[PDB]
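Shown below, as structure tokens, is a lone chain in the form solved without the ligand; questions about how it binds or moves come after it.
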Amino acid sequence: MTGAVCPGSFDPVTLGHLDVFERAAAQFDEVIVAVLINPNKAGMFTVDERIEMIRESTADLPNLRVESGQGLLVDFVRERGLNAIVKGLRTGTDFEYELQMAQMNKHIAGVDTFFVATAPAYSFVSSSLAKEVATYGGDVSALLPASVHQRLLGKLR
């Protein structure tokens, strides 16, 4: 019945993302993780790799599924008969560009956005910073699921 979409590029998914997935899956009947792909810029991981890494670390969430898309998020959401987005937030600054997008999305499509504070322990990991730290050899094994860490090191080598 109820449902929410958790969007991102997830390149790769982090433990901060997984925390948000788990919290959304606990509060909505269904959750769709939307892996949003830019057709004009390849990330580090292909779409299939991104989805596989997410599925492997969400196997214990029976009401969660993972799908890719592109274009307007609100179309992805509405085409699935839903009208809620759930996004994780770390800071007041995150709240301002995300605020702009949430109000635009409500304006153009009537889709609501719910924000959740990520857990303190994952508050400083981002996909981008984990990739940058790993590139120059820093240890990020505690910030990423097992489904990700060594695949990341493999990409870098």
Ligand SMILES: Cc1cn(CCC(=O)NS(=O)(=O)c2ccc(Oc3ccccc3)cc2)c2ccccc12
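Residues that one form lacks are left out of the comparison. Start at 1 and count along the sequence shown; that's the residue number. The term rigid core refers to the most C-alpha atoms you can superpose between the two forms while keeping them within 1.5 Å.
Not pictured, yet referred to below: the form solved in complex with the ligand.
At the 4.5 Å threshold, heavy atoms of residue 70 reach the ligand in the entry with it bound. Although the partner is absent here, residue 6 is a contact residue: one of its heavy atoms lies within 4.5 angstroms of the ligand in the entry with it bound.
For residue 57, no non-hydrogen atom is located within 4.5 Å of the ligand in the entry with it bound, even though that partner is not displayed. The closest non-hydrogen atom of residue 36 lies within 4.5 Å of the ligand in the entry with it bound. Contact residues in stretch 7-32 (any heavy atom within 4.5 Å of the ligand, taken in the entry with it bound) are 7, 8, 9, 10, 16, 17, 20, 21. Core-superposed comparison between the shown form and the other one: one run of at least three consecutive shared residues with Cα shifts of 2 Å or more is located, at 90-95.
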